[PDB]
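J.: give me the fold of what follows.
(chains A, B and C, ligands or ions: 1)
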Amino acid sequence: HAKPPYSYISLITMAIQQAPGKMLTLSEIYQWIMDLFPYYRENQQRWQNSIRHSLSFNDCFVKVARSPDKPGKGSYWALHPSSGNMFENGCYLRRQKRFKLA
DNA sequence: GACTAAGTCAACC
DNA sequence: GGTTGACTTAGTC
Ligand SMILES: [Mg+2]
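T.: Numbers count the residues shown, from 1 in each chain, chains lettered A, B, ... in the order given. Sure, structure below:
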């Protein structure tokens, strides 16, 4: 296929938002992206590292530790509540200012 | 075409 | 897996 019309930032945000808990683990971020965008069924070690970079680099995704083991392995990732509706209203490729913190 | 957000590669933790 | 950074790629005005 051709590449979906969304940035990883957009992708990760749709994945978190649809989450029943509004937070996912890395692997669950990967699974959503693959369940819906067959394009991402390929080239995995390239884009999966780029998802990790996004999650760490971007202030709009903060991690939320697990507690009582649950399944276990891997933190949870959620959206900073002060992110606004950023990749929202028709701009999924380039944000008009990336959410940086202070 | 600039300006700066986004994606790559890759070491380290 | 989660951070970092140096550097490239690319959307948008
Ligand atoms: Mg982050």
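J.: tell me, how many residues neighbour the spatially closest residue to residue A:64 that is not a sequence neighbour?
T.: Among residues not flanking residue A:64 along the chain, residue A:76 sits closest, at 4.3 Å (CB to CB, 6 or more residues apart in numbering). For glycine as for every other residue, the C-beta is placed from the backbone atoms N, C-alpha and C. Residue A:76 has 19 neighbours, counted by other CB atoms under 10 Å.
J.: I'd assumed residue A:22 was in contact with residue A:76.
T.: No. In this structure, residue A:76 is not within contact of residue A:22 by CB atoms under 8 Å, at 9.7 Å.
J.: let me know how buried residue A:43 is, in neighbour terms.
T.: Neighbour tally, residue A:43, other CB under 10 Å: 9.
J.: in what helix or strand does residue A:78 lie?
T.: strand A:76-79 (DSSP states H and E).
J.: with residue A:27 instead?
T.: Residue A:27 belongs to helix A:26-36, assigned by DSSP H and E.
J.: so does the helix or strand just after that helix get close to DNA strand C?
T.: The helix or strand immediately downstream of helix A:26-36 is helix A:44-57, counting by DSSP H and E. Yes. Helix A:44-57 reaches DNA strand C (CB under 7 Å from any atom of the strand) through A:49, A:52-53, A:55-57.
J.: tell me what the helix holding residue A:27 is packed against?
T.: Here helix A:26-36 touches helix A:8-18, helix A:44-57, going by 3 or more CB pairs under 8 Å, 6 or more residues apart in numbering; DSSP states H and E.
J.: any idea which of the ones you listed is most buried?
T.: helix A:8-18 (a mean of 19; mean count of other CB atoms under 10 Å).
J.: so what's the gap between that helix and the chain middle?
T.: Its chain's C-alpha centre and that of helix A:8-18 lie 4 Å apart, by CA atoms, centre = their mean, to the nearest Å.
J.: contacts for that helix next, please.
T.: For helix A:8-18, contacts defined as CB atoms under 8 Å, 6 or more residues apart in numbering pick out A:4, A:6, A:22-24, A:28-29, A:32-33, A:37, A:47, A:50-51, A:54-55, A:58, A:60-61, A:77-79, A:86-87, A:92-93, A:95, A:98.
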